[PDB]
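Residues per chain are reported as follows:
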Amino acid sequence: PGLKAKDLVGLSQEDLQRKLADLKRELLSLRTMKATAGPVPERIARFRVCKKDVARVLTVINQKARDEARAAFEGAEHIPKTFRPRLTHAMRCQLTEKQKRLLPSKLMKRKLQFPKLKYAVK
Amino acid sequence: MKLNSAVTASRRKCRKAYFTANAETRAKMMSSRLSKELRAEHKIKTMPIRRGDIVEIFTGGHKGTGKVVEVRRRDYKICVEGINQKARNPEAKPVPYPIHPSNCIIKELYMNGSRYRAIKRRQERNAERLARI
Amino acid sequence: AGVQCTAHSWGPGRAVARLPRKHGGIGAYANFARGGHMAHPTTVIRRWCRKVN
Amino acid sequence: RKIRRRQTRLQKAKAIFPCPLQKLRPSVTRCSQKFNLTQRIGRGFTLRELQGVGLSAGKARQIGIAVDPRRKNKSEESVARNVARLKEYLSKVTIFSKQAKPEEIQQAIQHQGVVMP
Amino acid sequence: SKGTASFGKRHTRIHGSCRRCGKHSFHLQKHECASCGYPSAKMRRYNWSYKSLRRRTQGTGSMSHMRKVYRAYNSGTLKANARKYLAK
Amino acid sequence: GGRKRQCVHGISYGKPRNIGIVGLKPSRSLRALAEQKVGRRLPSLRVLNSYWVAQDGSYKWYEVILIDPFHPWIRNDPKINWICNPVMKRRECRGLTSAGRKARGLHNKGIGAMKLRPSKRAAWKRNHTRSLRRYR
Amino acid sequence: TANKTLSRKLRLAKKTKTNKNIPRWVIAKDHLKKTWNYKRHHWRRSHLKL
RNA sequence: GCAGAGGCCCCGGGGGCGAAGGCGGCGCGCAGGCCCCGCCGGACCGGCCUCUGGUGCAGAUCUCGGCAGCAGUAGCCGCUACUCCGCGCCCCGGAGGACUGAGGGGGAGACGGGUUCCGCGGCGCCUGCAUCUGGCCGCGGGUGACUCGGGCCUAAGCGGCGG
RNA sequence: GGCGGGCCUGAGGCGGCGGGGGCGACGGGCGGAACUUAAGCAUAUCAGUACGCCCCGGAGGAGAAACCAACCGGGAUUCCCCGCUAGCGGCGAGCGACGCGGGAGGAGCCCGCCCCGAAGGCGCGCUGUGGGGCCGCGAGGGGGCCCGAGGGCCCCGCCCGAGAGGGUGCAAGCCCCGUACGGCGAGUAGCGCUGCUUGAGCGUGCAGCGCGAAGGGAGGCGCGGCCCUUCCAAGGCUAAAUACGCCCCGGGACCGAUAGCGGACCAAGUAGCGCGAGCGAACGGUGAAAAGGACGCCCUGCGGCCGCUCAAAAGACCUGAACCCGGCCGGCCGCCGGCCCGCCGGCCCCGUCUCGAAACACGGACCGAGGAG
RNA sequence: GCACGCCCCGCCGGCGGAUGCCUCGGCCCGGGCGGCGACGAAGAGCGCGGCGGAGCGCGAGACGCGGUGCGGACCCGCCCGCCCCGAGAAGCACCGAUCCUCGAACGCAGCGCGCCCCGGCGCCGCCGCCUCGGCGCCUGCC
């Protein structure tokens, strides 16, 4: 097993960016060794661990940048599309329940004048 | 009869479930009766078979006692230590005879820490059932 | 069933039989043919329920 | 379809426990000379029938009496037959108001089927 | 000459690969796809052949976005939907 | 003017009743054609209704009222928020405008309109449906 | 052909890259029994891009 | 007679102490058919009443699958041609004898094929005879551009254009 | 002739937002056949269908009477039951609604007009805004015989709010999983002429054009008068009952590998074919367990042999038919009848149309499966 | 004569895949659902596994990555990696991202070529806004 996300989440972006370059340079060496292995290698277990390791560091960097940007554009009118609530295409274009339940003033007053009574029949 | 119509009594659908089950379901399906000493000790009738378990097979060929050394979930069969196929020559690797988990009774269990928690979780749910569900 | 194939008869004059055949001459669309429709296919419009007074 | 329709009625009934599913609808002569002397249920009470019990269209609908402003009585007898029918319903109807006393709203029995068939 | 001899003079490709459908159906002289319909924005589908419709349709591919969004609707996208329907 | 059928070389091969290309009269009025044309030109907007403004010997002019369903004033208005509903998308393509409903005959009720109510096609389907009940 | 385009060459090179037999270890792992790829093509009997 | 359904089969029909099926042979029936016996086979099967049908084949230039005689038959008769020795193959090496005969059985490109290219090993497939050969099979490789071509220009043409 | 400003019509950019394309069903809008039926064929029918195009939604469309009726009347829409007739039609073949009545389900409303006028949704707008489901336990069997292996046989119990099923080495309520039991109103109406359409018939609904109302529409035979009943078109919204594929879920007197989807085979719309649109296969099953063949012998080797693993080779596979073939082994040759059985006697090739077939009429090499009231 | 060819007194062997038995598949019938897309759909192309063809599943963070809650020992070959009261194999759910080329397909072509500040650069609408045209209706000014 390789890097754990918990150790990476603590690291600052600058340390995380060095961590990625080192794993990327290591990956070139691991791939070079496989190219020059000739007859057969030793399963190169390090190769998979450092390909998943590059993924974890990049994943943490994205969360570090995504959260930062979500905070900067918080409550601003017209925030970026990536941070907008997911919904669907139809749900964005559907009317809000308030807008759907909006009534003309004459239809609102009359509905108020006769409220829905609860009654029983013998 | 079964009053939950949501469940299936179709031979085809039920057999597909067995043949193509998720691993978590295959493991429970592969379970064995605990010995009467273990039944008094843990108060649970059956536990899913693990690797480190001493088991007594009451089956026809290969009846015996052994500790499981391999669990083959895909074949739905376990291989105890000791029970093996007849070897064509003495100088050959011994092949374990696969035994069904249902064909054996557990004599010892690998307690671990999760197995202790699992026996406790079942004991609690069984106690609630015993209190007039 | 049996009618998703595109089969038209090769016709008289090829020393074959006159039944519908596909592109290679494989017999099709006929009760006798392998993969042909039933001559009178079962239907769900059969009356299943009888009436009793 | 019978099962689905029963469930829809059962769920709608649960949503308004004291209230009956069916509104009071009028007694109307079956149209044509072939059924002149029989009566059937009609869409709603005329505004003349409503004035016999002294109820506005809003109040009548709020207490579960259907109102048809299109219907015209066509006879003095129809108004009286329908006015009588409203009086029976008004005596039968019980209005649960001024804070829902749960035991008394739970005590209430939903009427099922046509009201006064 | 009507047959085998004239088959020898075949040495050109009238149909190339289609950008949208990846099929040897893109006429290269007329610049149109026989099956895809490309360059048209509407895909070319005809109800006379349902077999062609079955060959390229929703479900003959990954159906990635749709599969995930259908699963999400079954789980927790309806509740998120209710929050934006409540709106301000 | 009247419709001319799009049959090449002026020939509609078929039974004699269908051989005619220049005397045909359009099935939908010009008021309806106008709405459908301004619906294609502007697919984003919704079509309320059309009025005649002018006519000449070759052209009739009709004026159409189109509503932006996504404007705040239209969405936050109880009177016109109905158009914002997605079912009202391209109403002139589906004959739901007054001119389109005139062509379908829905401007008429009772005798004569009995076989064209949900739709002419839907009446045909219901009338010609063979209902095989379970107890028949 | 010697004057090909990269976009025709790269779709042809996929076929050269994937004209391979099932690795022997894959047959052993899956108990495949049928060991022929069946999507393999021999240049003389084949008409790719046709 | 077939295949299913709802029943029955007096301690709850028959079955690894051998089901269905296959192969032979009795018996019984006017016959459709049925039964039993031995053998092979290796998990299911019915008799009777009531019920339902996608319910019985010699034919259809019937469908699909197999496959016979013909028959060790017709054929393996374009491109002048092979031979000796060396592991000796139609392979390779040497010696002969020739052929394509510069609009070539020569050396190269365009297009079309798409790895056929190269080295190494191999003959199970293929090489319509053979093979130790190979365009076949396995394994590993192989196409390097400021100057060559694309790209660029316009041609016949084609697309674009408030409308 | 210039020079600014307001109004109005446009032009370029920029910002926010929105559209586009997909889905073999259901739904709305259009364009629209022919084969066919009429025993011919023009009208008709097929069919207001296929198919082309456009457009939504979870439903859509329809929808609160310019409605039906003729009553001791009803009362938006949709859907079901019903009459299937009234009518239409070379009044031919065919075609064809509706009102009643019984149900399902029920719910109403708005704008213009007019009144007030910026109080409004206030960069606009007085050419009018605003107001009037997941989670979860889960019962109870032993002894003998025998078998490769009980899930079999014999004795004898136990649990059943669980004897639905699935698996396990043979047929399992008690071996396992589960099952039952839980929990949290105007270019309009109309009319004239034309064309399409309808059962609508001197006109059912539409439509082009010409003309163009003011009290007007309807009442299933036109036209003119007079009544009576009954409604208010030329603007808009609307739930429910209803339809339905993909996909998910259950069930079946369904099919059982030539069947059932074209496709049960780890790669089926694949392999393959066509320049293309398109076309389109075949292929299920070793065993309980891979235990997938011990060892010896002879091979240049290929491979033989002996036997091994197994209950069994079941050895690349369950059973293993018919056709056809080879070894050995009888016999001399088809059918029917008699007899010890190779002699005598009888014996054309069936199906088929046909007056009549052994026909030199046609189909049929053989065998298996499929194959038609 | 013999052989052949038949016939079959049996016995044995091929050849083929019938017949049985089965069966994670169809097919019908009910329910449920009705949930795509410029926040880039459907579809397509390429690539991605230690040893990797097809299929699947992913997308240069690639046979996957992170979070939370279950779960609790394996991961078809060879591996190497886990193992231990949590340390964490298979598996399960839900969420956060990544998401190459093409495609409604969006700087322009389809594989080649720009303009431009680093933000970018498609079209058509709606509503604002900014700039400004007119011997349109005018009004001053000259």
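Placed above this text is the structure.
Residues numbered from 1 in each chain as written, not as in the entry; some residues may be left out. Chains lettered and ligands numbered in written order. Part of a larger assembly, values for the part shown. Heavy atoms only, no water.

**Considerations on the sheet that holds strand 5 (residues 77–80) of chain B**
All names here are of chain B.
Consideration 1: Strand order in the open sheet formed by six strands is 2-1-6-3-4-5, and the pairing between neighbours is mixed. Where the open sheet ends on each side, the last strands, each with one partner, are strand 2 (46–48) and strand 5. The mean angle between the axes of side-by-side strands here comes to 50°, regardless of whether they run parallel or antiparallel.
Consideration 2: The sheet contact formed by strand 1 (residues 31–34) and strand 6 (residues 104–108) spans two bridges and is parallel. (Pairing = 2+ DSSP bridges. Helix = DSSP H or I, 4+ residues; strand = E, 2+ residues; numbered from the N terminus. Axes fitted to C-alpha atoms, helices over the stretch in contact; angles between N-to-C directions.)

**A closer look at the packing of aromatic side chains**
Consideration 1: Following the criterion strictly, the structure yields five aromatic pairs over all chains and no others.
Consideration 2: On the basis of an interplanar angle of 15° and a centroid distance of 4.3 Å, the ring pair of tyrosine 18 of chain B and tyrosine 76 of chain B is categorised as stacked. Linking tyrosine 18 of chain B in helix 1 (residues 11–19) with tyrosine 76 of chain B in the loop between strand 4 (64–72) and strand 5, this pair joins segments that are 58 residues apart in sequence.
Consideration 3: Its relative accessible area of 28% is what places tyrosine 18 of chain B among the partly exposed residues.
Consideration 4: Using a relative accessible area of 3% as the deciding quantity, one classes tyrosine 76 of chain B as buried.
Consideration 5: When the centroid spacing of 6.3 Å and the interplanar angle of 40° are considered together, the rings of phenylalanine 26 of chain E and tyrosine 38 of chain E count as tilted. With a gap of twelve residues between them, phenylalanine 26 of chain E in strand 2 (residues 26–27) and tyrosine 38 of chain E in the loop between strand 3 (32–33) and helix 2 (50–55) connect regions that are remote in the sequence. (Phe/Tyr/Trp six-rings, centres within 6.5 Å; stacked < 30°, edge-to-face > 60°. Buried < 20%, exposed > 50% of the residue type's maximum accessible area, 1.4 Å probe, protein only.)

**Some words on the protein's contact with RNA strand I**
Consideration 1: Lining the immediate surroundings of RNA strand I are 199 residues, of which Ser102 of chain B, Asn36 of chain D, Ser25 of chain E together with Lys15 and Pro118 of chain F lie closest.
Consideration 2: Take the atoms of RNA strand I that sit within 4 Å of the protein: sugar and phosphate atoms are 77% of them.
Consideration 3: Within the side chain of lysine 77 of chain B, a nitrogen or oxygen atom sits 3.4 Å from a phosphate oxygen of RNA strand I.
Consideration 4: A distance of 3.2 Å separates a base oxygen of RNA strand I from a polar atom in the backbone of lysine 72 of chain D.
Consideration 5: Looking at the surface near RNA strand I, the element that brings in the most residues is helix 4 (residues 120–128) of chain F, giving eight residues.
Consideration 6: Looking at side-chain class alone, the surface near RNA strand I contains 57 nonpolar, 67 polar and 75 charged residues. (Near = heavy atom within 4 Å. Polar contact = N/O pair within 3.5 Å; in protein donor to acceptor, adjacent residues only side chain to side chain. Nonpolar A, V, L, I, M, F, W, Y, C, P; charged D, E, K, R; others polar.)

**Some thoughts on the sheet that holds strand 1 (residues 15–16) of chain E**
All names here are of chain E.
Consideration 1: The strand order across the open sheet formed by three strands is 1-2-3, and the pairing between neighbours is antiparallel. At either margin of the open sheet sits one strand with a lone partner, and together these are strand 1 and strand 3.
Consideration 2: Here two bridges tie strand 1 to strand 2, and the two strands are oriented antiparallel to one another. By the bridge assignment for strand 2, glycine 16 is matched with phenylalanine 26.

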